[PDB]
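Below is the file final.cif, which contains mmCIF, C-alpha atoms.
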data_protein
#
loop_
_atom_site.label_atom_id
_atom_site.label_comp_id
_atom_site.auth_asym_id
_atom_site.auth_seq_id
_atom_site.Cartn_x
_atom_site.Cartn_y
_atom_site.Cartn_z
CA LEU A 1 98.90 79.62 79.84
CA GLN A 2 100.14 79.82 83.42
CA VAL A 3 98.21 82.11 85.76
CA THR A 4 99.30 83.20 89.22
CA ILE A 5 98.11 85.59 91.89
CA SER A 6 100.94 86.86 94.07
CA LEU A 7 101.25 89.37 96.95
CA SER A 8 103.91 91.99 97.75
CA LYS A 9 103.63 91.60 101.48
CA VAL A 10 101.60 89.47 103.87
CA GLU A 11 100.67 90.29 107.45
CA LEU A 12 100.57 87.51 110.05
CA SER A 13 99.42 87.52 113.66
CA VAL A 14 101.54 85.85 116.33
CA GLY A 15 100.38 82.25 116.64
CA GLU A 16 98.91 82.11 113.15
CA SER A 17 100.31 79.92 110.36
CA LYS A 18 100.37 80.29 106.58
CA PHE A 19 101.86 78.63 103.47
CA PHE A 20 103.41 80.31 100.43
CA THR A 21 103.69 78.70 97.03
CA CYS A 22 106.58 79.48 94.73
CA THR A 23 106.43 78.53 91.07
CA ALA A 24 109.20 78.51 88.46
CA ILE A 25 107.97 78.50 84.90
CA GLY A 26 110.75 77.28 82.66
CA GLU A 27 112.72 74.07 83.05
CA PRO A 28 113.78 74.86 86.65
CA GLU A 29 116.13 72.30 88.19
CA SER A 30 115.96 73.58 91.78
CA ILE A 31 113.80 75.91 93.91
CA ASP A 32 114.89 76.99 97.36
CA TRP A 33 113.60 79.32 100.05
CA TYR A 34 115.77 81.84 101.86
CA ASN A 35 114.72 83.27 105.20
CA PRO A 36 115.08 86.97 106.05
CA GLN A 37 118.61 86.34 107.29
CA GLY A 38 120.04 84.93 104.08
CA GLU A 39 119.90 81.25 104.87
CA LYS A 40 118.31 78.47 102.83
CA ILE A 41 115.39 77.27 104.93
CA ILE A 42 115.70 73.66 106.09
CA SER A 43 112.38 72.06 107.08
CA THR A 44 111.96 72.02 110.86
CA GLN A 45 108.90 70.97 112.86
CA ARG A 46 107.46 74.43 112.56
CA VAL A 47 108.68 75.74 109.24
CA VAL A 48 108.37 73.12 106.53
CA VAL A 49 109.22 73.22 102.84
CA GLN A 50 107.79 70.45 100.60
CA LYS A 51 108.70 70.44 96.94
CA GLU A 52 105.67 69.52 94.85
CA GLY A 53 107.14 69.06 91.40
CA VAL A 54 107.49 72.37 89.62
CA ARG A 55 106.37 74.12 92.82
CA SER A 56 107.76 74.49 96.34
CA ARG A 57 105.65 75.10 99.42
CA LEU A 58 107.01 76.99 102.40
CA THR A 59 104.72 76.62 105.39
CA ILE A 60 105.34 78.79 108.43
CA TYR A 61 103.57 77.38 111.50
CA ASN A 62 102.84 79.12 114.79
CA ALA A 63 104.29 82.43 113.61
CA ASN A 64 106.31 84.57 116.01
CA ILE A 65 107.52 88.20 115.88
CA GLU A 66 110.95 87.02 114.71
CA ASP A 67 109.63 85.41 111.52
CA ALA A 68 109.19 88.93 110.12
CA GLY A 69 111.26 89.93 107.11
CA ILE A 70 111.80 89.34 103.41
CA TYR A 71 111.69 85.79 102.17
CA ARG A 72 113.17 84.77 98.83
CA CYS A 73 112.22 81.97 96.51
CA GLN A 74 115.09 81.17 94.16
CA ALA A 75 114.95 78.97 91.07
CA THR A 76 117.90 77.48 89.24
CA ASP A 77 118.01 76.05 85.71
CA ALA A 78 120.52 73.36 84.78
CA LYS A 79 123.22 75.75 83.51
CA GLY A 80 123.38 77.30 86.95
CA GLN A 81 121.49 80.46 86.04
CA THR A 82 119.11 81.77 88.70
CA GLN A 83 115.94 83.82 89.05
CA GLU A 84 113.93 84.80 92.12
CA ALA A 85 110.79 86.22 93.74
CA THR A 86 110.53 87.89 97.16
CA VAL A 87 107.61 88.18 99.57
CA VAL A 88 107.60 90.33 102.73
CA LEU A 89 106.39 88.89 106.00
CA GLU A 90 105.13 91.14 108.77
CA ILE A 91 104.14 89.89 112.23
CA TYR A 92 101.63 91.88 114.31
CA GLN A 93 100.71 91.69 118.02
CA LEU B 1 112.75 81.35 84.26
CA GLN B 2 109.66 82.94 85.79
CA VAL B 3 109.37 82.78 89.58
CA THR B 4 106.28 83.62 91.62
CA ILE B 5 105.19 83.42 95.22
CA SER B 6 101.44 83.04 95.58
CA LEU B 7 99.02 82.56 98.52
CA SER B 8 95.92 80.36 98.91
CA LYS B 9 94.07 82.82 101.08
CA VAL B 10 94.71 86.27 102.48
CA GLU B 11 93.21 87.80 105.61
CA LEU B 12 92.34 91.50 105.66
CA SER B 13 91.16 93.74 108.49
CA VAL B 14 88.28 96.15 107.91
CA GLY B 15 89.74 99.46 106.75
CA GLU B 16 92.95 97.92 105.46
CA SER B 17 93.91 97.85 101.76
CA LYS B 18 95.97 95.42 99.69
CA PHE B 19 96.93 94.72 96.05
CA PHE B 20 97.13 91.36 94.29
CA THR B 21 99.20 90.70 91.20
CA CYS B 22 98.09 88.21 88.60
CA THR B 23 100.53 86.96 85.97
CA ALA B 24 99.85 84.96 82.81
CA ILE B 25 102.90 83.23 81.40
CA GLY B 26 102.23 82.41 77.78
CA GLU B 27 101.11 84.81 75.07
CA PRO B 28 98.03 85.97 77.04
CA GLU B 29 95.79 88.40 75.17
CA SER B 30 93.59 89.41 78.12
CA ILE B 31 93.59 89.17 81.93
CA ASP B 32 90.52 90.00 83.96
CA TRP B 33 89.51 89.89 87.61
CA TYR B 34 86.23 88.43 88.83
CA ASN B 35 84.84 89.35 92.22
CA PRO B 36 83.31 86.77 94.58
CA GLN B 37 79.94 87.26 92.92
CA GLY B 38 80.95 86.31 89.40
CA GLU B 39 81.34 89.74 87.89
CA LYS B 40 84.35 91.16 86.06
CA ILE B 41 85.68 93.89 88.32
CA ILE B 42 85.49 97.38 86.82
CA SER B 43 87.87 99.89 88.44
CA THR B 44 86.02 102.12 90.91
CA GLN B 45 87.49 104.70 93.29
CA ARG B 46 88.10 102.04 95.87
CA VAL B 47 88.79 98.89 93.92
CA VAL B 48 91.14 99.55 91.03
CA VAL B 49 92.58 97.24 88.39
CA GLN B 50 95.57 98.51 86.35
CA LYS B 51 96.97 96.28 83.64
CA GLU B 52 100.76 96.48 83.64
CA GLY B 53 101.69 94.62 80.48
CA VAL B 54 101.78 90.89 81.06
CA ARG B 55 100.45 91.50 84.59
CA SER B 56 97.24 92.89 86.08
CA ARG B 57 97.00 94.54 89.48
CA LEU B 58 93.82 94.40 91.52
CA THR B 59 93.97 96.83 94.42
CA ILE B 60 91.28 96.66 97.08
CA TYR B 61 91.19 99.86 99.13
CA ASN B 62 89.50 100.44 102.49
CA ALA B 63 88.37 96.82 102.79
CA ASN B 64 84.96 96.04 104.24
CA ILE B 65 83.34 92.80 105.49
CA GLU B 66 81.55 92.40 102.15
CA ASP B 67 84.76 92.18 100.12
CA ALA B 68 85.21 88.66 101.50
CA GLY B 69 85.11 85.75 99.07
CA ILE B 70 86.95 84.05 96.23
CA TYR B 71 88.48 86.25 93.58
CA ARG B 72 89.44 84.90 90.16
CA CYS B 73 92.10 86.05 87.78
CA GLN B 74 91.37 84.80 84.27
CA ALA B 75 93.71 84.88 81.29
CA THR B 76 92.74 84.47 77.65
CA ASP B 77 94.99 83.62 74.70
CA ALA B 78 94.09 84.76 71.19
CA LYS B 79 92.22 81.58 70.21
CA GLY B 80 89.78 82.22 73.02
CA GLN B 81 91.16 79.56 75.34
CA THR B 82 91.23 80.47 79.03
CA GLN B 83 93.11 79.65 82.21
CA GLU B 84 92.72 80.99 85.75
CA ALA B 85 93.98 81.38 89.33
CA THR B 86 91.87 82.00 92.44
CA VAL B 87 92.72 83.70 95.73
CA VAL B 88 90.46 83.73 98.81
CA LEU B 89 89.81 86.96 100.66
CA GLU B 90 88.75 86.95 104.28
CA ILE B 91 87.78 90.09 106.22
CA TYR B 92 88.15 90.15 110.02
CA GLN B 93 86.76 92.56 112.65
#
What is this structure when it is put down as structure tokens?
Amino acid sequence: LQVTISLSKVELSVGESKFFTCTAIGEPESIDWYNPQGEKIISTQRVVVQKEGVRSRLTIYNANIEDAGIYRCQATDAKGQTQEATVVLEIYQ
Amino acid sequence: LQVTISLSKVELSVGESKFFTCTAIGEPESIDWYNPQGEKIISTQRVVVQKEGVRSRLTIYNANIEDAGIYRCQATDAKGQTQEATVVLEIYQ
């Protein structure tokens, strides 16, 4: 048994910060995050991704109105086949 | 491959409404939601749970300050063994 609670869309207020956990059940080889502009997110000082085994944590710090958009988590097994989940970030104020 | 994005805690504003999706990967026989007071949630007019196959959707409508708390999703395989995930609901304003 693996149980998860996931959300379609999350609302954030400017200045707030939140982390999202992505989980690949299977024998996933890689898990990456893609920002609402198509680009694999590389940890910065303010948006960090820390892979915690079979899970990957994207933490958005000090949110701003430009962080809005669809984020993708994308998993990859060892024969190069992918699978993904998307969460929608809204920024208010 | 099964991919999911889940949150530790979600903040809601009074009057707002949001749905949470719980997923049990395995051969889950049942999936139930427990409100922050320990009780299996029974669909009302305002808080509905609709089981969608291997997933269960808890929708909280017209949120109020009393909806705050920890919610549990709890899955049960056919030999009565359980497993769970918890999300934290905060209500502001």
Given the file shown, determine the residues that the PyMOL selection byres ((chain B and resi 72) around 6) selects; report them as a ChimeraX atom specification. /B:33-34,71,73,85-86
Picked residues, the PyMOL selection byres ((chain A) within 12 of (chain B)), as a PDB file with C-alpha atoms, in the coordinates of the input:
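Now in result.pdb:
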ATOM      1  CA  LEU A   1      98.900  79.620  79.840  1.00  0.00           C
ATOM      2  CA  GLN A   2     100.140  79.820  83.420  1.00  0.00           C
ATOM      3  CA  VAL A   3      98.210  82.110  85.760  1.00  0.00           C
ATOM      4  CA  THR A   4      99.300  83.200  89.220  1.00  0.00           C
ATOM      5  CA  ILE A   5      98.110  85.590  91.890  1.00  0.00           C
ATOM      6  CA  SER A   6     100.940  86.860  94.070  1.00  0.00           C
ATOM      7  CA  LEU A   7     101.250  89.370  96.950  1.00  0.00           C
ATOM      8  CA  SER A   8     103.910  91.990  97.750  1.00  0.00           C
ATOM      9  CA  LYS A   9     103.630  91.600 101.480  1.00  0.00           C
ATOM     10  CA  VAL A  10     101.600  89.470 103.870  1.00  0.00           C
ATOM     11  CA  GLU A  11     100.670  90.290 107.450  1.00  0.00           C
ATOM     12  CA  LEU A  12     100.570  87.510 110.050  1.00  0.00           C
ATOM     13  CA  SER A  13      99.420  87.520 113.660  1.00  0.00           C
ATOM     14  CA  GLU A  16      98.910  82.110 113.150  1.00  0.00           C
ATOM     15  CA  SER A  17     100.310  79.920 110.360  1.00  0.00           C
ATOM     16  CA  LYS A  18     100.370  80.290 106.580  1.00  0.00           C
ATOM     17  CA  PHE A  19     101.860  78.630 103.470  1.00  0.00           C
ATOM     18  CA  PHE A  20     103.410  80.310 100.430  1.00  0.00           C
ATOM     19  CA  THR A  21     103.690  78.700  97.030  1.00  0.00           C
ATOM     20  CA  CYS A  22     106.580  79.480  94.730  1.00  0.00           C
ATOM     21  CA  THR A  23     106.430  78.530  91.070  1.00  0.00           C
ATOM     22  CA  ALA A  24     109.200  78.510  88.460  1.00  0.00           C
ATOM     23  CA  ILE A  25     107.970  78.500  84.900  1.00  0.00           C
ATOM     24  CA  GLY A  26     110.750  77.280  82.660  1.00  0.00           C
ATOM     25  CA  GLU A  27     112.720  74.070  83.050  1.00  0.00           C
ATOM     26  CA  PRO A  28     113.780  74.860  86.650  1.00  0.00           C
ATOM     27  CA  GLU A  29     116.130  72.300  88.190  1.00  0.00           C
ATOM     28  CA  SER A  30     115.960  73.580  91.780  1.00  0.00           C
ATOM     29  CA  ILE A  31     113.800  75.910  93.910  1.00  0.00           C
ATOM     30  CA  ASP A  32     114.890  76.990  97.360  1.00  0.00           C
ATOM     31  CA  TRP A  33     113.600  79.320 100.050  1.00  0.00           C
ATOM     32  CA  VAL A  54     107.490  72.370  89.620  1.00  0.00           C
ATOM     33  CA  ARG A  55     106.370  74.120  92.820  1.00  0.00           C
ATOM     34  CA  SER A  56     107.760  74.490  96.340  1.00  0.00           C
ATOM     35  CA  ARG A  57     105.650  75.100  99.420  1.00  0.00           C
ATOM     36  CA  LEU A  58     107.010  76.990 102.400  1.00  0.00           C
ATOM     37  CA  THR A  59     104.720  76.620 105.390  1.00  0.00           C
ATOM     38  CA  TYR A  71     111.690  85.790 102.170  1.00  0.00           C
ATOM     39  CA  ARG A  72     113.170  84.770  98.830  1.00  0.00           C
ATOM     40  CA  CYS A  73     112.220  81.970  96.510  1.00  0.00           C
ATOM     41  CA  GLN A  74     115.090  81.170  94.160  1.00  0.00           C
ATOM     42  CA  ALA A  75     114.950  78.970  91.070  1.00  0.00           C
ATOM     43  CA  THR A  76     117.900  77.480  89.240  1.00  0.00           C
ATOM     44  CA  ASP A  77     118.010  76.050  85.710  1.00  0.00           C
ATOM     45  CA  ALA A  78     120.520  73.360  84.780  1.00  0.00           C
ATOM     46  CA  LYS A  79     123.220  75.750  83.510  1.00  0.00           C
ATOM     47  CA  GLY A  80     123.380  77.300  86.950  1.00  0.00           C
ATOM     48  CA  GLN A  81     121.490  80.460  86.040  1.00  0.00           C
ATOM     49  CA  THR A  82     119.110  81.770  88.700  1.00  0.00           C
ATOM     50  CA  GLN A  83     115.940  83.820  89.050  1.00  0.00           C
ATOM     51  CA  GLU A  84     113.930  84.800  92.120  1.00  0.00           C
ATOM     52  CA  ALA A  85     110.790  86.220  93.740  1.00  0.00           C
ATOM     53  CA  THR A  86     110.530  87.890  97.160  1.00  0.00           C
ATOM     54  CA  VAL A  87     107.610  88.180  99.570  1.00  0.00           C
ATOM     55  CA  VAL A  88     107.600  90.330 102.730  1.00  0.00           C
TER      56      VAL A  88
END
In Å and to one decimal, atom CA of residue 64 of chain A is distant from atom CA of residue 43 of chain A by 16.5 Å
Grab the atom CA of residue 70 of chain B to atom CA of residue 36 of chain B distance for me, in Å with one decimal place.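 Taking atom CA of residue 70 of chain B as the start and atom CA of residue 36 of chain B as the end point, the length is 4.8 Å.
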Could you please determine the separation between atom CA of residue 38 of chain B and atom CA of residue 90 of chain B in Å, to one decimal place?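 Atom-to-atom, atom CA of residue 38 of chain B to atom CA of residue 90 of chain B, that is 16.8 Å.
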Output of the PyMOL selection byres ((chain B and resi 66) around 12), listed as a VMD selection string: chain B and resid 12 to 15 35 to 37 60 62 to 65 67 to 70 89 to 93
Box dimensions and centre (Å, one decimal) enclosing segment 58-71 of chain B, axis-aligned, 4 Å extra per side, as JSON:
{"center_x": 87.8, "center_y": 92.2, "center_z": 98.5, "size_x": 20.4, "size_y": 24.4, "size_z": 22.0}
Where atoms are absent from segment 8-19 of chain A, fill them in so it carries N, CA and C atoms, then output it as an mmCIF file, in the coordinates of the input.
data_model
loop_
_atom_site.group_PDB
_atom_site.id
_atom_site.type_symbol
_atom_site.label_atom_id
_atom_site.label_comp_id
_atom_site.auth_asym_id
_atom_site.auth_seq_id
_atom_site.Cartn_x
_atom_site.Cartn_y
_atom_site.Cartn_z
ATOM 1 N N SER A 8 102.684 91.291 97.378
ATOM 2 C CA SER A 8 103.910 91.990 97.750
ATOM 3 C C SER A 8 104.334 91.625 99.152
ATOM 4 N N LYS A 9 103.366 91.672 100.054
ATOM 5 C CA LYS A 9 103.630 91.600 101.480
ATOM 6 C C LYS A 9 102.426 90.950 102.153
ATOM 7 N N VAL A 10 102.683 90.116 103.151
ATOM 8 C CA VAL A 10 101.600 89.470 103.870
ATOM 9 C C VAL A 10 101.747 89.782 105.344
ATOM 10 N N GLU A 11 100.632 90.042 106.016
ATOM 11 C CA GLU A 11 100.670 90.290 107.450
ATOM 12 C C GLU A 11 100.177 89.067 108.196
ATOM 13 N N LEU A 12 100.928 88.663 109.217
ATOM 14 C CA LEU A 12 100.570 87.510 110.050
ATOM 15 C C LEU A 12 100.446 87.931 111.497
ATOM 16 N N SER A 13 99.570 87.261 112.235
ATOM 17 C CA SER A 13 99.420 87.520 113.660
ATOM 18 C C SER A 13 100.180 86.460 114.417
ATOM 19 N N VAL A 14 100.801 86.833 115.532
ATOM 20 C CA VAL A 14 101.540 85.850 116.330
ATOM 21 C C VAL A 14 100.638 84.666 116.661
ATOM 22 N N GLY A 15 101.126 83.464 116.363
ATOM 23 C CA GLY A 15 100.380 82.250 116.640
ATOM 24 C C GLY A 15 99.730 81.665 115.402
ATOM 25 N N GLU A 16 99.483 82.524 114.420
ATOM 26 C CA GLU A 16 98.910 82.110 113.150
ATOM 27 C C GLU A 16 99.919 81.312 112.323
ATOM 28 N N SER A 17 99.444 80.660 111.267
ATOM 29 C CA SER A 17 100.310 79.920 110.360
ATOM 30 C C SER A 17 99.811 80.075 108.934
ATOM 31 N N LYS A 18 100.737 80.125 107.981
ATOM 32 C CA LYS A 18 100.370 80.290 106.580
ATOM 33 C C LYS A 18 101.386 79.622 105.649
ATOM 34 N N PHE A 19 100.936 79.151 104.484
ATOM 35 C CA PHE A 19 101.860 78.630 103.470
ATOM 36 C C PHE A 19 101.953 79.515 102.224
#
